[PDB]
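> Structure here, sequence nowhere to be found:
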RNA sequence: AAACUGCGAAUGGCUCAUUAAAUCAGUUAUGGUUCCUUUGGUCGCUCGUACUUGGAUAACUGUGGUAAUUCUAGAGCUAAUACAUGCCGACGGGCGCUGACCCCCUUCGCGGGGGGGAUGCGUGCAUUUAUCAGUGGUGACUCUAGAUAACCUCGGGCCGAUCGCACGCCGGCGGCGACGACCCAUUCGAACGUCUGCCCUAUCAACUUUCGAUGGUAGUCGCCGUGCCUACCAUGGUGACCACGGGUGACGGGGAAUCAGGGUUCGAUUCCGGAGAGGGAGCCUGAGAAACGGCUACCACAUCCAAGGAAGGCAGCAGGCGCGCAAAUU
Ligand SMILES: [Mg+2]
Ligand SMILES: [Mg+2]
Ligand SMILES: [Mg+2]
Ligand SMILES: [Mg+2]
Ligand SMILES: [Mg+2]
Ligand SMILES: [Mg+2]
Ligand SMILES: [Mg+2]
Ligand SMILES: [Mg+2]
Ligand SMILES: [Mg+2]
Ligand SMILES: [Mg+2]
Ligand SMILES: [Mg+2]
Ligand SMILES: [Mg+2]
Ligand SMILES: [Mg+2]
Ligand SMILES: [Mg+2]
Ligand SMILES: [Mg+2]
Ligand SMILES: [Mg+2]
Ligand SMILES: [Mg+2]
Ligand SMILES: [Mg+2]
Ligand SMILES: [Mg+2]
Ligand SMILES: [Mg+2]
Ligand SMILES: [Mg+2]
Ligand SMILES: [Mg+2]
Ligand SMILES: [Mg+2]
């Protein structure tokens, strides 16, 4: 499957453009082949189109299906992924775990070594792991919710009780002044 | 009738006329209740507003504006604009060097509610300041006093 | 871009002033959002202070108050009959504040006939369907029949309105400006204004 | 004369050995059946419960 | 370390080209608006996978291209307070409309009256509209609060899927903090208005209005008040109290020099305000720029080139050239 462009002048190929040669484009964030210096800045740049010619410096090819014979560079040796999964659910995925299995046990460890230095095992910190801390913060903020509700209850009761002591004296003043 | 000149219908935005009634109360009369407000500085809102039939949104009494700011007075000179007049304020500007004043004047365009009428060129009008009504019109006529020679 | 500034302008006397500063952000005008009747289309604009202005390119529904009987229902908009500002704006059928518009009688007539149990805008042919007869003729209990009967004194309608229902289309006017607001919402034309505008639109012929 | 057809291509996640666990270990833990895993879970859970009530006794001791 | 994220880069610094009721000063207003932050308020008021959810991407690994840059493509991985998605919980209800049926009083009975009630439909703050009534507040609201009907943007509003430190209590409970957050209020403001004030000129006496001049009515646009802009009407508005036009070796003030009293002259320059970043114009980002140590053009200038292309902005500090009577250390 055809992927990457480069042309004799060095420009990338942007998958949208339908031409052969250069096109001047205004690139914004999220577009291909430009990474912005300042937030929300656009640049005008030169982009070689998505159609393939003898003009190209370089052409990048993905391999979708392997047919028969093994190529020297691209097949025989397999290079591992460094860095297995850092998120809890991704781990439950890799190892097919029910919700009730300890993720802590299954995490991939990096077998770190160097000449002259003691052999190490590294493990990434798991994120989105339920844990005494996380569980605590929850009941914490709920507790704050109880507090607010209580406060509104007590304050309401209070001001209601105070309003009456003003109201009976307003009635006393109005009634006494009127009957006079 | 005769109140509605314009292409659009002429209303008093804060009053609901179409409140339904018995056919015994429809035979009595149609009197759409005025909205009028008491303007604050102690100008009694004229009789001709609260009874009157006209509709002007920019009038201080029967419409939406609030009178806050400077309160000025002047004399009416030119009224050919519809619902506005040009008044002139005179004063003496002191020149320090010569120790004397020179005369000066300024012309203000100022809006005039159709309740006041018979407002006649050369009579004293006291105005108060409003939020801008137009390009040159920032004021509003609060009360009209006749010229010294009225009969 | 479009500057709604005051300083490109003559003085009160009319001497042109030379602008002291070049155009400022906050004096900016935007392009006109004309609003047409069709399937709902809306574009959010970010304005001064970072608040969202909701802009309406195509509208269909609007909700309206039938003020006499004090209700409000969510209705489908049909057409622009009349505009005080511009005839051009009627022609392209553009929704602005205070232009005048035809709406479905339907949800109103439904509410009404549920409230008063009375016929509205029905043909003198009198032809009815089962749901209709079971809502209108219904069944009552003593306290009920007294309630409804007590309201029957109240409900009678301006001949103009009555006719409108018979045609299926009501005359209404838009109080909210869809351009900045995002909804075209408004009120049914009743009584004096209704008769007035009727006179204007008969005059349009 | 024209093209009416829009091709639908599929995405496949293959498997690679992740550094520190070769594909044999990944598949060793993956293909592990429900009996094995349920035993391991309940055993670790009970070991942890014992350590925890031991540390509750060690909270009330101090 | 890096990189993502958040914030800042709108201040400060420089200069005085433009600019003559403009800027600006004292004066007032915002009841006609926007406001990152800070400070306090709110944040189980809504009756309808959660002991935790989805996908991607950078650093990193690697394969690269181009003479050239703070250029960047393709392939592998993997995070969140990035993006998204989305619950339990309180919660039992209360209140509105509906009301199958039921009771009681009354009645010869119809009827009249008082109730009680299964059933659905609605249920908060913001949003937009209409109507009703008249807790608190003003010199004055079409104010604030209340009640009714509905509304609610797929280019979506609020309701915390987050972080740390102590560790304790009867398998449950919680102390302090950190970020967040709609909305009030507040602070810093900002933006438009009010009243009065400017140098010379008549060898400038009439000026503006088909292309908004002045006002009216309805809108559009805007953060809102406004010919700001459109549509339709009206024919206005300014002027010897000097309009309009021209000039200024004109940024305006606070001030300076000189002075008996009165003046005359100067204020580019360290404080306050305004404008501008070679000239014009136009936008992204944002609470806030029409920003220039952001960007996109055109004009004028000028740098690199492998001739395809790329990159510019000292009226910041130094310093250099030119101009000049005239001004300091890379
Ligand atoms: Mg805000
Ligand atoms: Mg960064
Ligand atoms: Mg901050
Ligand atoms: Mg706060
Ligand atoms: Mg690399
Ligand atoms: Mg990749
Ligand atoms: Mg107007
Ligand atoms: Mg208007
Ligand atoms: Mg016009
Ligand atoms: Mg100058
Ligand atoms: Mg000077
Ligand atoms: Mg100065
Ligand atoms: Mg200097
Ligand atoms: Mg300064
Ligand atoms: Mg500037
Ligand atoms: Mg220069
Ligand atoms: Mg910012
Ligand atoms: Mg610029
Ligand atoms: Mg610079
Ligand atoms: Mg700067
Ligand atoms: Mg220098
Ligand atoms: Mg020399
Ligand atoms: Mg010297």
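Yep, it's here. Numbering: from 1, shown residues only, chains lettered A, B, ... in the order given. Ligands and ions are numbered 1, 2, ... in the order given.
> and the gap between residue A:129 and residue D:52?
Using CB to CB, to the nearest Å, residue A:129 is found at 18 Å from residue D:52. In short, each C-beta sits where N, CA and C put it, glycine included.
> Give me the more crowded residue out of these two.
Higher neighbour count among residue A:129 and residue D:52: residue A:129, with 13 against 10, using other CB atoms under 10 Å in any protein chain shown.
> pretty sure the more buried one is touching residue A:90, no?
No: applying CB atoms under 8 Å, one finds residue A:129 not in contact with residue A:90, separated by 11.8 Å.
> where along the chain do the strands fall?
Reading this off chain A. With DSSP state E, the ranges of strands along chain A come out as A:2-7, A:22-27, A:43-48, A:56-61, A:110-114, A:117-122.
> The chain in question should be chain C.
Under the criterion DSSP E, strands of chain C are mapped to C:2-3, C:28-29, C:36-37, C:41-46, C:52-59, C:61-66, C:71-82, C:100-104, C:169-174, C:186-188.
> Any chance of the ones you listed in a markdown table with distance to chain A and mean neighbour count as columns?
Converted to a markdown table, the strands of chain C look like this (distance: least, CB to the nearest CB, whole Å; neighbours: other CB atoms under 10 Å in any protein chain shown):
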| stretch | distance to chain A | mean neighbour count |
| --- | --- | --- |
| strand C:2-3 | 22 | 14 |
| strand C:28-29 | 18 | 12 |
| strand C:36-37 | 30 | 16 |
| strand C:41-46 | 12 | 12 |
| strand C:52-59 | 18 | 16 |
| strand C:61-66 | 34 | 19 |
| strand C:71-82 | 33 | 17 |
| strand C:100-104 | 40 | 22 |
| strand C:169-174 | 37 | 22 |
| strand C:186-188 | 38 | 23 |
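> To chain D, which of those strands lies closest?
strand C:41-46 (26.5 Å; CB to the nearest CB).
> Sheet-wise, list the partners of the closest one with their directions.
strand C:52-59 (antiparallel) (DSSP bridges).
> show me the contacts for the spatially most central residue of chain A.
Centroid-nearest residue in chain A, with CA atoms, centre = their mean: residue A:87, separated by 11.4 Å. Contacts of residue A:87 were listed using CB atoms under 8 Å, 6 or more residues apart in numbering or on different chains, and they are A:126, A:127, A:128.
> mind running it again at 7 Å?
Neighbour list for residue A:87: A:127, A:128 [criterion: CB atoms under 7 Å, 6 or more residues apart in numbering or on different chains].
> Which positions in the longest helix seen in chain D come out as buried?
The helix spanning the most residues in chain D, taking DSSP state H as the definition, is helix D:34-61. Buried residues in helix D:34-61, counting neighbours by 16 or more other CB atoms under 10 Å in any protein chain shown, are found at D:37, D:41.
> Kindly report the same for stretch D:20-33.
D:20, D:21, D:26, D:29.
> for the residues you listed, which one is nearest residue C:102?
residue D:26 (68.7 Å; CB to CB).
> Which secondary structure state does that closest one sit in?
Assigned by DSSP: H, G, I helix; E, B strand; the rest coil, the conformation of residue D:26 is helix.
> care to break the chain down by domain?
In the absence of a named chain, chain A is used. A:1-80, A:81-180 (curated CATH domains).
> my bad, chain C
If you go by curated CATH domains, chain C breaks into C:1-30, C:31-105+C:169-205, C:106-168.
> if I look at the closest residue to residue C:190 other than its chain neighbours, how far off is chain D?
Spatial nearest neighbour of residue C:190, excluding adjacent residues (CB to CB, 6 or more residues apart in numbering or on different chains): residue B:18 at 4.0 Å. For residue B:18, the distance to chain D (CB to the nearest CB, to the nearest Å) stands at 58 Å.
> okay, now residue B:18: neighbour count?
Residues near residue B:18, counting by other CB under 10 Å: 17.
> Ramachandran angles for residue A:80?
Residue A:80 adopts backbone torsions of phi -70, psi 160, taken as degrees, to the nearest 10.
> Let me see the contact set for it.
D:16, D:17, D:18, D:19.
> May I ask which of these has the most neighbours?
Of all the contacts of residue A:80, the highest neighbour tally under other CB under 10 Å goes to residue D:18, namely 19 neighbours.
> so that residue sits right up against residue A:81, yeah?
Yes: between residue D:18 and residue A:81 there is a contact under CB atoms under 7 Å: 4.9 Å.
> follow-up on the earlier one: pick the most buried one from the domains of chain C.
domain C:31-105+C:169-205 (a mean of 16; mean count of other CB atoms under 10 Å in any protein chain shown).
> Quote the end-to-end distance of it.
In domain C:31-105+C:169-205, first residue to last residue: 33 Å (CA to CA, to the nearest Å).
> same thing with stretch A:62-78?
Termini of stretch A:62-78 sit 16 Å apart (CA to CA).
> buried set for that stretch?
Buried-residue list, stretch A:62-78, by 16+ other CB under 10 Å: empty.
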